[PDB]
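Engineer: Below you'll find the structure I mean.
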Amino acid sequence: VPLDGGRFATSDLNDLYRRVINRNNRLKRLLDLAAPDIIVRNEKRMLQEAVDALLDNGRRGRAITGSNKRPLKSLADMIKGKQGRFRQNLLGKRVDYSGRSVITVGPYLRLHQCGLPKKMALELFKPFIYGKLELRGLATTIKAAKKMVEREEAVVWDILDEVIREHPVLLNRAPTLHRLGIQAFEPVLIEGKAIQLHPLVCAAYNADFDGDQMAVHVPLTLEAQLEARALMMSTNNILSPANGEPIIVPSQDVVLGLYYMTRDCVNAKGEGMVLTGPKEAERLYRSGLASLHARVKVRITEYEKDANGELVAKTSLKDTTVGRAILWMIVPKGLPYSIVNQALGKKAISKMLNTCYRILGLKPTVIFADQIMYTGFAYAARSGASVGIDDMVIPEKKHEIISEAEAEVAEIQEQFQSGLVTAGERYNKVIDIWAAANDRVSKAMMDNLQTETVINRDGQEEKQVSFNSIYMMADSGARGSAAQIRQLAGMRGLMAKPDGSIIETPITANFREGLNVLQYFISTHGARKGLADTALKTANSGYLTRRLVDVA
Amino acid sequence: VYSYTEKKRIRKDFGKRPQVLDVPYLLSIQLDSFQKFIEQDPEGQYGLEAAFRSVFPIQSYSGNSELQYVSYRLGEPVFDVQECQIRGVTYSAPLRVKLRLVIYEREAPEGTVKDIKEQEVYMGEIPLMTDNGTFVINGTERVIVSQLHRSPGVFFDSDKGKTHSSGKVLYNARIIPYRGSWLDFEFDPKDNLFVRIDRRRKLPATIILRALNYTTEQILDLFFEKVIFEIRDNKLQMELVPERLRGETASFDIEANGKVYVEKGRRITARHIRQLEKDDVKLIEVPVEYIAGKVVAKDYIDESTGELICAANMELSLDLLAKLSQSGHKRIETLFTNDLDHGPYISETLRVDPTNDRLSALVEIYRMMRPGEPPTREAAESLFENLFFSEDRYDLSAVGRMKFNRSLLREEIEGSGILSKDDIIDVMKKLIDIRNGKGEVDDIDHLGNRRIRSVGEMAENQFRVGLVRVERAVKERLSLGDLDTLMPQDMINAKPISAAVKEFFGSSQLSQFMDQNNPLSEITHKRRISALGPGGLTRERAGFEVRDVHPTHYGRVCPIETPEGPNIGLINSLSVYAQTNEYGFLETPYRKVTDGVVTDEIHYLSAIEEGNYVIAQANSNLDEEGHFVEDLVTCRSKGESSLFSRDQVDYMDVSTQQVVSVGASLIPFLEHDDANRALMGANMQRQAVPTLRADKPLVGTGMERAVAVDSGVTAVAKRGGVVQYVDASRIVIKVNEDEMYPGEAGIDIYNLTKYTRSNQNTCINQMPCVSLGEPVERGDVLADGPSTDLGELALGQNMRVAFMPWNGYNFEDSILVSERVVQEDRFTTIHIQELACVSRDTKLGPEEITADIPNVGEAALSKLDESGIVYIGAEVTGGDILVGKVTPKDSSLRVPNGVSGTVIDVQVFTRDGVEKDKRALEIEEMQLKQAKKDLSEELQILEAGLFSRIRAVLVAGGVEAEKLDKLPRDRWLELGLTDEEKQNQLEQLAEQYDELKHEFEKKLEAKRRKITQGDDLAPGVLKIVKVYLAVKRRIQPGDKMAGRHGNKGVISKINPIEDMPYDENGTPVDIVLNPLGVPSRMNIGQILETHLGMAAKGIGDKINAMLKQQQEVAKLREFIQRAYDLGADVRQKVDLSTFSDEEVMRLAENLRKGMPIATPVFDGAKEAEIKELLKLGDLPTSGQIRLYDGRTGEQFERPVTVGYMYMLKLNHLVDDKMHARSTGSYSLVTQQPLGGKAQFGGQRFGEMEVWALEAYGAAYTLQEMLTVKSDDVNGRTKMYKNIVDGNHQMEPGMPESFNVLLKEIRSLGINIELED
Amino acid sequence: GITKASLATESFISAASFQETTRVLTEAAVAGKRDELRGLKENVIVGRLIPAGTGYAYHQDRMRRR
RNA sequence: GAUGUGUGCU
DNA sequence: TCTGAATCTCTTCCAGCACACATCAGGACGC
DNA sequence: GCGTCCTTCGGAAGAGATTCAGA
Ligand SMILES: [Mg+2]
């Protein structure tokens, strides 16, 4: 390829061929002039080395280099390896009708929809717009239609709307680990430059919205469109292929909404009232005459298909809350009421979706998932479930557990220096005692968090599960666990080095108090272990799945 | 007190402990190392003076001639930094070095010379460094990153474990020179000593022993101690050293002087040894069979016939002892080869050694180094002398010799750069001792074993290579010289030096393109310590211990600032107070502590001197005298911290900020964030793009001002005075009489740098921050640079955030931004980008830039002028013609699609020989006018100043003010005054005025010549036109925004104002984040920052309320004093009583936006103080207020967190990432779509994405993915025609890349084909 | 193991595209092996429908055709 | 087209 | 002193997608 | 300016070559 100017590109195969031809011509000339034996033998050896460097460079002693000490690739270095004609251009290729942009939420969507930017779908579906512009007669050749699309006239957008109607596109995230990393959505044209992605499939894609991009691919043929609509559609991908558990599970905001909704405290705006149905509960909540966490008696007509597919109604009067009654308006007919009459976390509504799919089918499950997402977002917005600095309640007995463990460690040191244990057992016993102390502190702070709600029953004081925001989003399974929440108000514990060894000394402070100029240095060991482990040891786990795929 | 850059908006500090050492100059490593490299060293220790003397004097091959160095001089650069960046040539200074060629007289090795001649020969051209540490190499600014590599010396590694698969830990000693060959010694699983030169192959170290001209008896003398067997009347007794009986088994009954001490089979404990010592005996009885397990040291030859009986290093036996008894050798010497301590490793190495003498050892060494050649004696001897015993092919540096002589526990640290026999002997001895058990290995990751090679040392090394090549050329040429005609320029070639220096500065692994999109990015790129590069370790061959943070990184390398991805831990960042030792090692200040008093004298302790003392910690309480208030203070003694008494300590950390870098010390409440979130916050803070209007952080750290001043983007005053004239593009300072020099006094003009393009296409533009007639001191900011607010690093905007879920628009990590944020253009940024239109004279005739474009109407040619270029100021959009270029049969330069802009600059560079175009002539004329006007204007300014100073001298000694004004200003210097020294001052000022006039004239002539110059270009280009666009990227859904605690986010919706939540005062919330992001990733510092910003804005709101209705100064002063007095025990202690009742009105006006707060890194504010500052306003102490829904008008049924968080805008803009591609351009060798966004390219459907389609069973989709819109060619066009034919059907063929694979296999000896 | 069981298959194309391309192709050239295009990687490389999902019926028709 | 460096999300 | 067991030595492998920047491409010597 | 040309340094695993030892 000619570059800017009179020079030429630095090709490696051409350089190797020139070397081989030079050696061959020199040997041919020496074979005609009857050169001395040592000279002709040395030239034959040089020809052999040149041919070896051309066929597979580097397999001999020293690989010859072109410029600035880098070995030029031979006829084998461009057929083997990760950058050869097998893994780079045959097992995976670059494709036309493809795009790339960042992703945003757009939670107004449905499970079979995504948002294509208006200026991206015009460039992806460009031949499809050409075809319909020529069909409708607005253009007579391909160049007139090309210029019309380039100018972006007012009629081009209607053609784009007509051609994008039921033409599903494939959204693929960069690491396509499992088969749910590629899914088909019916595009919904939006104004912007970001691909809005339905919040339910984010778990399947493992895609948050902190700056990651997804690739759009356009199925062209009728067979490809029908494969995208019947196989790769996000509607037909509600179960993980690894285990039969559902994969479009509400996560980290819908679960918080459904946990704040389906919950009870022992008081309300109105608690002793008895209602005539879920519509009455919604009307009372919206009118402000009853709290969402009341304990009322609603009259609910639940259906059951215990017969051969016949839904027989059974009307009763159950002791529920207002929030659970409001949520019951979206549960499809056929499911028992004893799935919302509890504090719904993430596992609870995952089980709810699983049993809905196993009892009713696919279409009610998809509609139920959409309605669950909508009513989770709405009632999480309507709650203001914030997080403050007073929500991380420090227990009042952590330092006593610290003192007990440090006394135990002092006794361990006195036993070790005397000669009771060696230096390989002192490590283990100090790790064990500090891990026990950390668990005791975690249990103490969890007991101080989960139940610390003394509220009157309209009479005297009573105990209930806490409405603390940290505990709410920890118990609901939204985002957190005992470890991360423990490190906020309990004690952080002890770290792990990149090699795998556990740190001898523990950190006795949490992320609500400060950290020392030294405790932070200790924590940095584990923090750098965590970030090096991904970028340096996901290679030997992508290798595992590559040579698992290539064997099966 | 406070300077006027501080008594204008003074930041409230919550720092509890005082600072005894201010933050040093940040970019003081580059500026010091290049100063060492570039300056004149009369001694010749470092720099170019140490590079010429290391090579020169250069002689011929004893050809009675020499060439020697005298001195070197750097001339003025041809263009300054601004002109070098405009044109695109290196900002460099020519190297004018005075050489001197001397050829002696015949038959006189030391006598007189035939002639002595000397001249300054121009060789090479070294790039100079700017005042900020940046190099301008090809118009672009480069930064030469420092390098963390192993120091030269001897390192005893371990190779522990996994070798030999038996668990036996080997031992090896590596002698790494700064320049030369390695001398790796290592052990064998059978306990042998194998030397290994340049890692080629093992052979016994005794080969090198004999190569050092040592006999076997001498070797055994070196590595062993003798035990004596004597011939006596009978029984052949042995001499006994009682210490040799430590820890073994008695082979027989030990006795001396008759009585038996130790019986047979007993253990010789310490009691037996001490009792033998108290017996004071030397001789014991020994059975003859005991000497069967001994080895003779010295050879024994017959006393009768002279024949050798036993040679050196051979076993003894009963027959050998019998043959020795009959000879008459009364003294027998053996080796003390203990089983555990004094192992016989050298003896076994000698037994496995095949060589026998110096000649054969040299032959074997030559065969190892250079195989395939018959070795001769002289060549082998020359090679071995050249390996590690010549100053030309081997050189331990001064630091290498220091480490070498300190590792072996020697006394003197200076020494020869070459190796000696004693050095090799002691290295082998120490390796043997480490094998024995005495002594221990050392870790490579220790900062006491790793140096820093900054810009100066690395640049000096390549200059040495250039000089070596030049002197090799001279050596080749100096023996073939036609004498009496050779000037000292015909043999010096300037091409090797210039080529080497250009290769280093332009294309290297550490000559990195500068990351410049805010002052923080450049100030952390210059202060970067990269373990990669030449002489370092590759990413692939990097272990998990090198990536890890060593305990010796405390105070020298930041633990929490390292880039994620392929190189984490190899790109360490320098600490705030970290310095560089005289040898290159890292060191950190420490307050020296006496018996009980913490003094203020700071000592810079290296990484090896730190493990000797016990050093206290910065957060240790003192009481007004340097006494620790508590008996036990937490200290770190030797890489392991524990509680120590107040008497044992002898040092103390300077401040809590000394462990973190300059980037991680700008994060408020760092001690509350998880360190992963700290790393992400530091990186994102480095990534921020400067906004339209700079906005200070309400919650800061106090290091914003240091980064703002020390980065260089702010025009900091050099000499204090009064602002005489402040313009939007310049500042003129009337210097005070105190700081004005007697001669050449004048005034100083600061020319600001207006809108110009940075490396990352951002806009760096200075604007004044001072007023007209405002007093300014020395070292206070005058012009705010990019993302700077009154000399304070401001990388974002104070956003009123709320942590609550809002209908799923902040679902995972998204941010919901109010429409008021985009209405106020808070996050709107300027992105100046250039476009070039090179006109290359190709075949069929050259090209043109004419304004008539074929097949194009006048709509696209309306904005073009008659010369074909676009007008400056045109609001061009994507697809418009900027420069109309036509190739000999249209290839005009067009704006890239999807970006608007505004042409702010056009630069036309024309090759000398092409006449000109009228637009180039207009640009040249306007530039000439501006260049004359600026010089005349500066002359007028500092000449009016000079005449004012003349008048100020005239007032002393008989002034007549009435005649002064009416007299023309020409005759103002010789007026009424006596002939005292004041008349001499007047005469000196008059001469200075004349010199300034002449200098202005000559620089005007030079500028005219430079503007009317040629500006030669690449071979084969006629003229280049560079058009500069200027886009204003408003915020939009899709682009990343982030905080300072590693909480990233992509905006999902620009919500209207009336839909955002509002409090009971009706104030809408600008940003709604997601609460659940805080617990999962423990970045609790963002909530504390939110609360503290809420308190700061509450104080600002109270001040604004008191100021809106004009109240007296007393109430404002009282409230501001209350605000600055809040705290437990702060270091601030600011008294408003000293303010002049008008300096406090400026302060109140600057505080009405919210009082800035300083929250130090590990000495920040506490929650009690945050709550008290909340109480100072009217806000609730819990930090949570009541928000009502924007649209439904009903309250959220819980208090939500509302406050002012400092949100940034990372330059991962969505419009720079959106891409789409239909049928376009394809590759060349394999007919596949191209890759990239700059090129119109399609996304790669990689190997892992094919398994995803195979899993679904989608076979038609996959087939069209890899054939129809891919490698296949005919089906690719048939599919396009079908798609624009109303028919969605494919007729696939075969991918072209498979035919390429078949042809590439057939190009080998392999025949591959498809059957029928 | 998953490496040896994939490198010792009957199709030299899959083995060559997986790992050790030189060693697989050398043995294939010496032994004169003949690939039958039976797997999924082989049909992906060649440029056909995989015999896995919607192409399975077509591949059955093609196999029983001859 | 390949190198070298920096960077984003996993 | 022949043949399994052990050791030595050579070989091949080390995730995915994407973005930005610069530099190279024969450079020495004859003409 | 045109223009023809002739360093060393990770690390686990596997295979195939020596080399041992041991009956
Ligand atoms: Mg992500």
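Each chain in the structure tokens gets a letter, A, B, ..., in the order shown, and its residues are numbered from 1; ligands are numbered from 1 in order too.
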10 Å from ligand 1 is the threshold here; counting only C-alpha atoms (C1' of nucleotides) and all ligand atoms, which polymer residues fall inside it? Answer as a PyMOL selection string.

Structural biologist: (chain A and resi 206-213) or (chain B and resi 812-813+1048-1049) or (chain D and resi 8-10)

Engineer: How would the residues just chosen look if you wrote them out with N, CA and C atoms (P, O5', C5', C4', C3', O3' and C1' of nucleotides) as a PDB file, in the first residue's frame?

Structural biologist:
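File written: out24.pdb
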ATOM      1  N   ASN A 206     -25.296  -8.659  31.816  1.00  0.00           N
ATOM      2  CA  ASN A 206     -24.373  -8.160  32.835  1.00  0.00           C
ATOM      3  C   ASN A 206     -23.895  -6.757  32.463  1.00  0.00           C
ATOM      4  N   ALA A 207     -24.868  -5.915  32.129  1.00  0.00           N
ATOM      5  CA  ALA A 207     -24.618  -4.567  31.628  1.00  0.00           C
ATOM      6  C   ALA A 207     -25.267  -3.560  32.569  1.00  0.00           C
ATOM      7  N   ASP A 208     -24.444  -2.831  33.313  1.00  0.00           N
ATOM      8  CA  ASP A 208     -24.912  -1.634  33.988  1.00  0.00           C
ATOM      9  C   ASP A 208     -24.906  -0.472  32.999  1.00  0.00           C
ATOM     10  N   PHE A 209     -25.085   0.740  33.507  1.00  0.00           N
ATOM     11  CA  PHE A 209     -25.124   1.935  32.673  1.00  0.00           C
ATOM     12  C   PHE A 209     -24.085   2.960  33.110  1.00  0.00           C
ATOM     13  N   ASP A 210     -22.856   2.506  33.349  1.00  0.00           N
ATOM     14  CA  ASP A 210     -21.774   3.371  33.798  1.00  0.00           C
ATOM     15  C   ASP A 210     -20.736   3.628  32.711  1.00  0.00           C
ATOM     16  N   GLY A 211     -21.124   3.526  31.443  1.00  0.00           N
ATOM     17  CA  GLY A 211     -20.214   3.874  30.371  1.00  0.00           C
ATOM     18  C   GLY A 211     -19.872   2.745  29.424  1.00  0.00           C
ATOM     19  N   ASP A 212     -20.673   1.688  29.420  1.00  0.00           N
ATOM     20  CA  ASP A 212     -20.432   0.550  28.548  1.00  0.00           C
ATOM     21  C   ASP A 212     -21.272   0.665  27.284  1.00  0.00           C
ATOM     22  N   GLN A 213     -20.771   0.070  26.208  1.00  0.00           N
ATOM     23  CA  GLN A 213     -21.379   0.175  24.893  1.00  0.00           C
ATOM     24  C   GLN A 213     -21.822  -1.197  24.408  1.00  0.00           C
TER      25      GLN A 213
ATOM     26  N   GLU B 812     -29.411   1.319  37.182  1.00  0.00           N
ATOM     27  CA  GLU B 812     -28.185   0.620  37.591  1.00  0.00           C
ATOM     28  C   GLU B 812     -27.136   1.619  38.066  1.00  0.00           C
ATOM     29  N   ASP B 813     -26.748   2.536  37.190  1.00  0.00           N
ATOM     30  CA  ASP B 813     -25.789   3.572  37.522  1.00  0.00           C
ATOM     31  C   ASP B 813     -26.112   4.898  36.860  1.00  0.00           C
ATOM     32  N   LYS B1048     -19.285   6.436  38.786  1.00  0.00           N
ATOM     33  CA  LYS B1048     -19.514   6.823  37.403  1.00  0.00           C
ATOM     34  C   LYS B1048     -21.013   6.817  37.116  1.00  0.00           C
ATOM     35  N   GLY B1049     -21.389   7.191  35.898  1.00  0.00           N
ATOM     36  CA  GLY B1049     -22.786   7.204  35.523  1.00  0.00           C
ATOM     37  C   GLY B1049     -23.032   7.804  34.157  1.00  0.00           C
TER      38      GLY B1049
ATOM     39  P     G D   8      -9.722   4.312  32.308  1.00  0.00           P
ATOM     40  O5'   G D   8     -11.012   3.872  31.491  1.00  0.00           O
ATOM     41  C5'   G D   8     -11.936   4.838  31.019  1.00  0.00           C
ATOM     42  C4'   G D   8     -13.113   4.180  30.351  1.00  0.00           C
ATOM     43  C3'   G D   8     -13.619   2.921  31.029  1.00  0.00           C
ATOM     44  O3'   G D   8     -14.479   3.204  32.113  1.00  0.00           O
ATOM     45  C1'   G D   8     -13.412   2.543  28.708  1.00  0.00           C
ATOM     46  P     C D   9     -14.483   2.246  33.395  1.00  0.00           P
ATOM     47  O5'   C D   9     -15.479   1.080  32.980  1.00  0.00           O
ATOM     48  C5'   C D   9     -16.743   1.373  32.407  1.00  0.00           C
ATOM     49  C4'   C D   9     -17.357   0.142  31.798  1.00  0.00           C
ATOM     50  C3'   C D   9     -17.208  -1.127  32.615  1.00  0.00           C
ATOM     51  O3'   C D   9     -18.161  -1.218  33.657  1.00  0.00           O
ATOM     52  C1'   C D   9     -16.670  -1.568  30.350  1.00  0.00           C
ATOM     53  P     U D  10     -17.904  -2.208  34.891  1.00  0.00           P
ATOM     54  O5'   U D  10     -18.548  -3.578  34.406  1.00  0.00           O
ATOM     55  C5'   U D  10     -17.958  -4.824  34.740  1.00  0.00           C
ATOM     56  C4'   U D  10     -18.012  -5.775  33.573  1.00  0.00           C
ATOM     57  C3'   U D  10     -17.482  -7.173  33.828  1.00  0.00           C
ATOM     58  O3'   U D  10     -18.419  -8.010  34.482  1.00  0.00           O
ATOM     59  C1'   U D  10     -16.587  -6.353  31.805  1.00  0.00           C
TER      60        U D  10
END

Engineer: Residues near residue 1 of chain D, anyone? I mean within 12 Å using only C-alpha atoms (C1' of nucleotides), not counting same-chain ones fewer than 5 positions away, as a PDB file with N, CA, C and O atoms (P, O5', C5', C4', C3', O3' and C1' of nucleotides), in the first residue's frame.

Structural biologist:
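So out-v4.pdb came out as:
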ATOM      1  N   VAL A   1       0.857  -1.182   0.000  1.00  0.00           N
ATOM      2  CA  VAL A   1       0.000   0.000   0.000  1.00  0.00           C
ATOM      3  C   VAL A   1       0.896   1.236   0.000  1.00  0.00           C
ATOM      4  O   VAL A   1       1.740   1.373   0.899  1.00  0.00           O
ATOM      5  N   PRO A   2       0.766   2.132  -0.979  1.00  0.00           N
ATOM      6  CA  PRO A   2       1.598   3.346  -0.994  1.00  0.00           C
ATOM      7  C   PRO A   2       1.139   4.336   0.067  1.00  0.00           C
ATOM      8  O   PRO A   2      -0.039   4.692   0.135  1.00  0.00           O
ATOM      9  N   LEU A   3       2.079   4.779   0.894  1.00  0.00           N
ATOM     10  CA  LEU A   3       1.791   5.756   1.935  1.00  0.00           C
ATOM     11  C   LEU A   3       1.873   7.166   1.356  1.00  0.00           C
ATOM     12  O   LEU A   3       1.979   7.366   0.142  1.00  0.00           O
ATOM     13  N   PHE A   8       7.115   3.159   0.283  1.00  0.00           N
ATOM     14  CA  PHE A   8       6.201   2.028   0.236  1.00  0.00           C
ATOM     15  C   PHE A   8       6.117   1.381   1.610  1.00  0.00           C
ATOM     16  O   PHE A   8       6.998   1.551   2.456  1.00  0.00           O
ATOM     17  N   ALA A   9       5.035   0.638   1.822  1.00  0.00           N
ATOM     18  CA  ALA A   9       4.778   0.017   3.111  1.00  0.00           C
ATOM     19  C   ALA A   9       5.803  -1.077   3.406  1.00  0.00           C
ATOM     20  O   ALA A   9       6.392  -1.681   2.504  1.00  0.00           O
ATOM     21  N   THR A  10       6.014  -1.323   4.700  1.00  0.00           N
ATOM     22  CA  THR A  10       6.971  -2.327   5.166  1.00  0.00           C
ATOM     23  C   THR A  10       6.256  -3.667   5.281  1.00  0.00           C
ATOM     24  O   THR A  10       5.647  -3.990   6.301  1.00  0.00           O
ATOM     25  N   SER A  11       6.330  -4.458   4.215  1.00  0.00           N
ATOM     26  CA  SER A  11       5.753  -5.794   4.201  1.00  0.00           C
ATOM     27  C   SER A  11       6.799  -6.815   4.627  1.00  0.00           C
ATOM     28  O   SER A  11       7.975  -6.703   4.272  1.00  0.00           O
ATOM     29  N   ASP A  12       6.361  -7.812   5.395  1.00  0.00           N
ATOM     30  CA  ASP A  12       7.260  -8.835   5.915  1.00  0.00           C
ATOM     31  C   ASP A  12       7.433 -10.001   4.952  1.00  0.00           C
ATOM     32  O   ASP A  12       8.555 -10.489   4.763  1.00  0.00           O
TER      33      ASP A  12
ATOM     34  N   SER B1227     -11.487  -4.253   3.551  1.00  0.00           N
ATOM     35  CA  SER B1227     -10.048  -4.416   3.686  1.00  0.00           C
ATOM     36  C   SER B1227      -9.443  -4.913   2.374  1.00  0.00           C
ATOM     37  O   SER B1227     -10.137  -5.135   1.378  1.00  0.00           O
ATOM     38  N   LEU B1228      -8.123  -5.095   2.377  1.00  0.00           N
ATOM     39  CA  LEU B1228      -7.373  -5.360   1.152  1.00  0.00           C
ATOM     40  C   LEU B1228      -7.030  -6.837   0.978  1.00  0.00           C
ATOM     41  O   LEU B1228      -7.426  -7.453  -0.016  1.00  0.00           O
ATOM     42  N   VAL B1229      -6.296  -7.420   1.927  1.00  0.00           N
ATOM     43  CA  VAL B1229      -5.880  -8.813   1.787  1.00  0.00           C
ATOM     44  C   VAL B1229      -7.062  -9.757   1.971  1.00  0.00           C
ATOM     45  O   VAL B1229      -7.268 -10.676   1.171  1.00  0.00           O
ATOM     46  N   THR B1230      -7.859  -9.546   3.011  1.00  0.00           N
ATOM     47  CA  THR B1230      -9.073 -10.315   3.264  1.00  0.00           C
ATOM     48  C   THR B1230     -10.245  -9.354   3.106  1.00  0.00           C
ATOM     49  O   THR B1230     -10.339  -8.357   3.825  1.00  0.00           O
ATOM     50  N   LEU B1234     -13.723  -2.840   7.233  1.00  0.00           N
ATOM     51  CA  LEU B1234     -12.650  -2.242   8.006  1.00  0.00           C
ATOM     52  C   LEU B1234     -13.031  -2.156   9.482  1.00  0.00           C
ATOM     53  O   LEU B1234     -14.177  -2.385   9.877  1.00  0.00           O
ATOM     54  N   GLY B1235     -12.039  -1.834  10.305  1.00  0.00           N
ATOM     55  CA  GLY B1235     -12.259  -1.710  11.730  1.00  0.00           C
ATOM     56  C   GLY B1235     -11.913  -0.339  12.267  1.00  0.00           C
ATOM     57  O   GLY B1235     -10.825   0.181  12.008  1.00  0.00           O
TER      58      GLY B1235
ATOM     59  P    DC E  24       9.366   7.591  12.067  1.00  0.00           P
ATOM     60  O5'  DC E  24       9.100   6.179  11.376  1.00  0.00           O
ATOM     61  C5'  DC E  24       8.880   5.030  12.191  1.00  0.00           C
ATOM     62  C4'  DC E  24       9.116   3.753  11.408  1.00  0.00           C
ATOM     63  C3'  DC E  24       9.672   3.951  10.016  1.00  0.00           C
ATOM     64  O3'  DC E  24      10.431   2.822   9.646  1.00  0.00           O
ATOM     65  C1'  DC E  24       7.434   3.152   9.879  1.00  0.00           C
ATOM     66  P    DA E  25      11.859   3.010   8.941  1.00  0.00           P
ATOM     67  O5'  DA E  25      11.722   2.143   7.611  1.00  0.00           O
ATOM     68  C5'  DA E  25      10.973   0.943   7.637  1.00  0.00           C
ATOM     69  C4'  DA E  25       9.989   0.902   6.484  1.00  0.00           C
ATOM     70  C3'  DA E  25      10.485   1.545   5.192  1.00  0.00           C
ATOM     71  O3'  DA E  25      10.960   0.541   4.302  1.00  0.00           O
ATOM     72  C1'  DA E  25       8.145   1.934   5.628  1.00  0.00           C
TER      73       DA E  25
END

Engineer: Check every residue of chain B for an atom within 7 Å of chain F, counting only C-alpha atoms (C1' of nucleotides), and provide those that qualify as a PDB file with N, CA and C atoms, in the first residue's frame.

Structural biologist:
ATOM      1  N   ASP B 198      25.172 -13.975  30.466  1.00  0.00           N
ATOM      2  CA  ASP B 198      24.115 -13.549  29.542  1.00  0.00           C
ATOM      3  C   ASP B 198      23.046 -14.624  29.358  1.00  0.00           C
ATOM      4  N   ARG B 199      22.843 -15.443  30.391  1.00  0.00           N
ATOM      5  CA  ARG B 199      21.795 -16.462  30.443  1.00  0.00           C
ATOM      6  C   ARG B 199      21.896 -17.480  29.309  1.00  0.00           C
ATOM      7  N   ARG B 541       5.730 -10.890  31.149  1.00  0.00           N
ATOM      8  CA  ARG B 541       6.642 -11.461  32.142  1.00  0.00           C
ATOM      9  C   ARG B 541       6.683 -10.623  33.419  1.00  0.00           C
ATOM     10  N   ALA B 542       5.505 -10.318  33.957  1.00  0.00           N
ATOM     11  CA  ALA B 542       5.383  -9.581  35.208  1.00  0.00           C
ATOM     12  C   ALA B 542       4.629 -10.449  36.200  1.00  0.00           C
ATOM     13  N   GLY B 543       5.241 -10.701  37.353  1.00  0.00           N
ATOM     14  CA  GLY B 543       4.627 -11.548  38.354  1.00  0.00           C
ATOM     15  C   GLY B 543       3.525 -10.842  39.111  1.00  0.00           C
TER      16      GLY B 543
END

Engineer: What are the closest atom pairs, with distances in Å to one decimal, for each residue of chain A lying within 8 Å of chain E, using only C-alpha atoms (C1' of nucleotides), rows by chain and rising residue number, as a Markdown table?

Structural biologist:
| residue | atom | partner | partner_atom | distance |
| --- | --- | --- | --- | --- |
| A:7 | CA | E:25 | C1' | 6.7 |
| A:8 | CA | E:25 | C1' | 5.7 |
| A:9 | CA | E:25 | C1' | 4.6 |
| A:10 | CA | E:25 | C1' | 4.4 |
| A:173 | CA | E:17 | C1' | 7.8 |
| A:174 | CA | E:17 | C1' | 4.3 |
| A:175 | CA | E:16 | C1' | 4.7 |
| A:176 | CA | E:16 | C1' | 7.3 |
| A:538 | CA | E:15 | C1' | 6.1 |
| A:539 | CA | E:15 | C1' | 4.6 |
| A:540 | CA | E:14 | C1' | 6.6 |
| A:541 | CA | E:15 | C1' | 7.1 |
| A:542 | CA | E:15 | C1' | 4.2 |
| A:543 | CA | E:15 | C1' | 6.4 |
